[PDB]
Amino acid sequence: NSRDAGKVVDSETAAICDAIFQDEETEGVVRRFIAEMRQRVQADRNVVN
Amino acid sequence: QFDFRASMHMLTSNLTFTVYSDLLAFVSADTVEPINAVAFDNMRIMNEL
Amino acid sequence: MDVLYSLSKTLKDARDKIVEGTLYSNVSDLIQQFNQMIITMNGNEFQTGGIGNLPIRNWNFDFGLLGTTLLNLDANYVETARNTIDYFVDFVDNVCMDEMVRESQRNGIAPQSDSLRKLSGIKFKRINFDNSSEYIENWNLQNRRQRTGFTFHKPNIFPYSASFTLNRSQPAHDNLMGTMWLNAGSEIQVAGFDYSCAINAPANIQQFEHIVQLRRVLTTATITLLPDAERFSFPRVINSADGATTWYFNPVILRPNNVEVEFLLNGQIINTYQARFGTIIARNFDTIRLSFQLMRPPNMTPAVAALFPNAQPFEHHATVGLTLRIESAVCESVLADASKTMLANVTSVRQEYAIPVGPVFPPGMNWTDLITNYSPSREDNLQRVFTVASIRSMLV
Ligand SMILES: [Cl-]
Ligand SMILES: [Zn+2]
Ligand SMILES: [Zn+2]
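Residues numbered from 1 in each chain as written, not as in the entry; some residues may be left out. Chains lettered and ligands numbered in written order. Part of a larger assembly, values for the part shown. Heavy atoms only, no water.

S.K.: Sorry if this is basic, but what is going on with the overall build of chain B here?
M.R.: The secondary structure content of chain B amounts to one helix and zero strands. Taken along its principal axes, the extent of the C-alpha atoms in chain B is 85 × 20 × 15 Å. Relative to its 49 residues, chain B shows a buried fraction of 6%. In the structure as shown, chain B presents an accessible area of about 5,000 Å², 57% of it carried by carbon and sulfur atoms. (Helix = DSSP H or I, 4+ residues; strand = E, 2+ residues; numbered from the N terminus. Buried < 20%, exposed > 50% of the residue type's maximum accessible area, 1.4 Å probe, protein only. Areas by Shrake-Rupley, 256 points an atom, 1.4 Å probe, with all protein chains shown as cover.)

This is the structure:
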């Protein structure tokens, strides 16, 4: 559901996020956040979030 | 109850690294000719020759 | 200037909007703008100079961008943002101070400090975003040669001047006719005095005129006109014109007669108010002409008749007055005024660091000297420093 090529850890998180995204009772804010939450990979710093 | 705000976290780690077990494999070790081997007193171990 | 203002506005928005618990959607565009500013400023070395006692300061920029990671912002995010914002605010304040303390005769509107000249480069134009403040909007419109104005409450448009003119005088200063006036800030208190109470006037009428040439054109001005000038309605001992001696003034206030307040632009009669007191509107003017008459009362009660004899000595001197207060106005040029703090800020910065007197502004940023000789070069420099001060005020 990411609109910016997002990634998540782990596959179980992906399943949970998809289930929440498809849910009808989910808040619009939560849905948009799932669509927009991003990882940050800093190879120069050797860090990943 | 499942709360998205309480369950969404950012997990941080290193992008990559290689773990080594045999440190001494990184050391090139050679030895002098046995004839020339000396003891703690800087004299040859066997001096009768 | 627009880049400096954009830095200041970005930092102010970051400080106000990046708060604990705020939704990610309340700062998304702000986070984008802040990251753009961080990217633009990263890897640049700035030097705020050492004019006067202002210390020489070196600024380096190596800051990480702000993530978009939590649905509601937490304390860690706010702490990181606060660290970056604090450093950037220090840099911006120092750049503003460095710019405020300089001036140029030829290019007074252009940047003077090295820091702002560097910020005027193309690479920094990316930092630019919404320019919504009054002073920055006026800066941009003026750069585009578009008509625009600053709105002032009690504009400081009249240089301080407390003086008099004696149209009739003697060495003994006992039968005097003339005018006194105080012009201070937005106030003009004028009075016309006749010691003889117009006993020998052509029609028992003495005509007094006060002309004030404003140094800049004021538009859409609201003015309060009051019949009497309370500053010149009590007995005074006044030094002679040359200071040789002193003379005595013992006013008795009479109603001003045939009052006419004329607001002139280009010598043309823009506005005219005849025997009208209270709130009046001057559309657009650069000169004020207050012409009023002292009329000897044709009918006097015995006490009043006792006040004014037919000949000398005159112990009671008939005075008429006028008070004019520009409560608010609009001017195409920057001015000091009661509400704003730009003159105070620039003067305080220049005093606190002992900036030597420059070639443009008067010593100590004396506002009376500045407005008295408000040259185009001084106007340009004053607009520059006032805009920088307004930029600084957003963060300091
Ligand atoms: Cl006021
Ligand atoms: Zn006020
Ligand atoms: Zn005199």
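S.K.: Explanation requested: the interface of chain C and chain A in the structure shown.
M.R.: The accessible area lost on association of the parts is a frequent measure of interface size. Facing eight residues of chain C, the contacting portion of chain A comprises seven residues. Interface of chain C and chain A: buried area, both sides summed, is about 670 Å²; carbon and sulfur atoms make up 62% of it. Considering only the surface of chain C that becomes buried against chain A, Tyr24(C), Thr69(C) and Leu71(C) emerge as the three largest contributors, covering 63% of it. Taken together, the connections running from chain C to chain A amount to zero salt bridges. Our enumeration of links across chain C and chain A arrives at two residue pairs in polar contact. (Contact = heavy atoms within 4.5 Å. Buried area = accessible area lost by both parts, 1.4 Å probe. Salt bridge = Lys/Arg side-chain N within 4 Å of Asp/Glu carboxyl O. Polar contact = N/O pair within 3.5 Å; in protein donor to acceptor, adjacent residues only side chain to side chain.)

S.K.: Can you help me understand the pairing of strand β10 (residues 246–249) of chain C in this one?
M.R.: For a regular strand, side chains alternate in direction, first toward one face of the sheet and then toward the other. All names here are of chain C. Residues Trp 247 and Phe 249 of β10 are buried on one face, while the alternating residues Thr 246 and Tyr 248, pointing to the opposite face, are not. Where strand β9 (residues 236–239) and β10 come together, four bridges link them in antiparallel fashion. What sits directly across from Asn 239, in β10, is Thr 246. (Pairing = 2+ DSSP bridges.)

S.K.: Got a minute to help me understand the layout of surface pockets in this structure?
M.R.: In this approach a probe as big as a water molecule rolls over the atoms, and the regions it shows empty are the leftover space. As a volume, the largest pocket reaches approximately 1,200 Å³. Taken together, 38 residues form the lining of the largest pocket, with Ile31(C), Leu66(C), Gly67(C), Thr68(C) and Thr69(C) sitting closest to its centre. Put simply, the parts of the chain that give the lining of the largest pocket at least two residues each are α2 (28–36) of chain A together with α2 (28–41) and α3 (75–100) of chain C. Among the elements that line the lining of the largest pocket, the one with the most residues is α2(C), at five residues. By volume, the second largest pocket amounts to about 510 Å³. As for the second largest pocket, its lining consists of 21 residues, of which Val8(A), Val9(A), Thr13(A), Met8(B) and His9(B) are closest to the centre. Contributing elements (two or more residues each) for the lining of the second largest pocket: α1 (11–22) of chain A together with α1 (4–7) of chain B. (1 Å grid on protein atoms, 1.4 Å probe; cavity = no way out; pocket = protein on both sides within 12 Å on 5 of 7 lines; lining within 4 Å. Points joined across faces, edges and corners; volume = space filled by probe spheres on them.)

S.K.: How do you make sense of the interface of chain B and chain A when you look at a structure like this?
M.R.: On the chain A side, the residues contacting the eleven residues of chain B number 16 residues. In this assembly, chain B packs against chain A so that about 1,100 Å² is buried in total across both faces, 67% of it on carbon and sulfur atoms. Contact with chain A buries area across many residues of chain B, yet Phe4(B), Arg5(B) and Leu15(B) alone supply 45% of it, more than any other trio. Taken together, the connections running from chain B to chain A amount to one salt bridge. The shortest N-O distance in the salt bridge between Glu27(A) and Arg5(B) comes to 3.1 Å. Our count for the contact surface shared by chain B and chain A stands at five residue pairs in polar contact. Split into classes, the residues belonging to the side of chain B that touches chain A amount to six nonpolar, four polar and one charged. (Nonpolar A, V, L, I, M, F, W, Y, C, P; charged D, E, K, R; others polar.)

S.K.: How should I be thinking about α2(A) in this particular structure?
M.R.: Along an α-helix, a turn takes 3.6 residues, which lines up residues three or four apart on a common side. Every buried residue of α2(A) is listed here: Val29(A), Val30(A), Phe33(A), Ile34(A) and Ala35(A). Where α2(A) is buried, its residues contact α1 of chain A together with α1 of chain B.

S.K.: In this structure, what is going on with the environment of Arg5(B)? I would like to understand it.
M.R.: By the element assignment, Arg5(B) lies in helix α1. With 16 residues separating them in the primary sequence, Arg5(B) and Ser21(B) have C-alpha atoms 41 Å apart. Those residues in contact with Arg5(B) that lie beyond four places of it in its chain are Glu27(A), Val29(A), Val30(A), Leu71(C) and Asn72(C). Among the polar contacts made by the side chain of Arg5(B), one reaches the side chain of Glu27(A) at a distance of 3.1 Å.

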